[PDB]
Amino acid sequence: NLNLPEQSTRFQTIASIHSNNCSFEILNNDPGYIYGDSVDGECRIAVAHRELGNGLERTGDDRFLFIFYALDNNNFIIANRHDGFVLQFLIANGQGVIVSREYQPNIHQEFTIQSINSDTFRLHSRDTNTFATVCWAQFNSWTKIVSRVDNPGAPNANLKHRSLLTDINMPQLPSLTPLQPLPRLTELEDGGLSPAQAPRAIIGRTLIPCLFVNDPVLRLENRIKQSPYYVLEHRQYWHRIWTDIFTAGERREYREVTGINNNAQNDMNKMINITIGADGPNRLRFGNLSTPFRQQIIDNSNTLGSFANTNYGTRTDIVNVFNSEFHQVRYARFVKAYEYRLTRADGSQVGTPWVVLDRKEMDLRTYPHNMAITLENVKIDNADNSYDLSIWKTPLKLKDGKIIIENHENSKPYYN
């Protein structure tokens, strides 16, 4: 069940309703370019880099085909299938024109659709209160696309879509699945599931526009053709940090590394312009490129906005555990992991998933069943930042099958 307007899930040409067979066409022209067919004056000479032309539409020429990426504010970024550059309003030599530029973004790249009726719309630049149309109403001529204030006698700005391309390599979204608790251990030799065998739950997934996906193998002109959207998945699994057989009364010390590495956060930032904030494993920080889509990404990924100034980092805890049972016992300790994965429209993975190990949500498995280990003591060995320096109140009994979550009763700051 997908909540996008039909303009966001296909490519379409744009034309004046008053033109017999011309449509908006992407050019790589320079200032001083001559539109041969145009009458003399401001409509005959190009005045900016990469103006748009009113060209004879050729079926299946990428230079006429646009996708409308839906922003949270109900405007659109309009990208072309030829090179993935977006439309932009520009004033050059006192003339309002439509050009194509790299996604920045900026307010002049945002367009409003205004529907007049079922098959007629106008393309509004709300900053400047201008509408896109053909220079001096030359609807059947080679000339440029302008954006002008509506006036008695201004050229008619009523547009339509002449052609559609509906086969665009839309991704097939995975189904949502719940996180099941891990199975019980079957004998002393059973270490439980390793991280590579633990089943993944899919908590959320969202489409990501290809425009700000810095895919290491596909340049922009190929992403817009083969993967106009990418898929970001929010998955969870139970991550085993250690397992061992303890003799009766045995004491041991483990180093538990949790959180997410700084290199993984930089990789995620470079790839999609998002990082995990230090306020939680499901809290997203957005840069300039991703911000205009943030509420759609949160709603569909089932994450939340971060309020932190800092990214989630790594922490190393020294834990002392004590087998308070008078039996030989197999213990396996798990924390909840948040796995963020990016795929192309074809299902191929873009890189290694980004993983956050949440130290605040933990489970235990034993053989025999229903045994309990004692957490004697917890010390912080080191932390990348000072955002969350709480530790478990000890002594703490951890029992087979019982999930423990940090709250104000079972934790304290590390110096108390």
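All residue numbers refer to positions in the sequence shown, first residue = 1.
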Mean C-alpha B-factor comparison - 63-71 and 372-380, higher one: 372-380
Which of 239-247 and 159-167 has higher mean CA B factor, as the PDB entry lists it: 159-167
Identity of residue with top Cα B-factor, from 198, 272, 92, 217: 92
Residue with maximal Cα B-factor (values as given in the PDB entry) among 283, 223, 327, 82: 327
Lowest, middle or highest third - CA B-factor, residue 51: middle
Residue 388 - Cα temperature factor, lowest/middle/highest third of chain: middle
CA B-factor ranking of residue 255, expressed as a third of its chain: middle
Position of residue 351 among the chain's modelled residues by C-alpha B-factor, lowest, middle or highest third: middle
Modelled-residue ranking by C-alpha temperature factor, third containing residue 1: highest
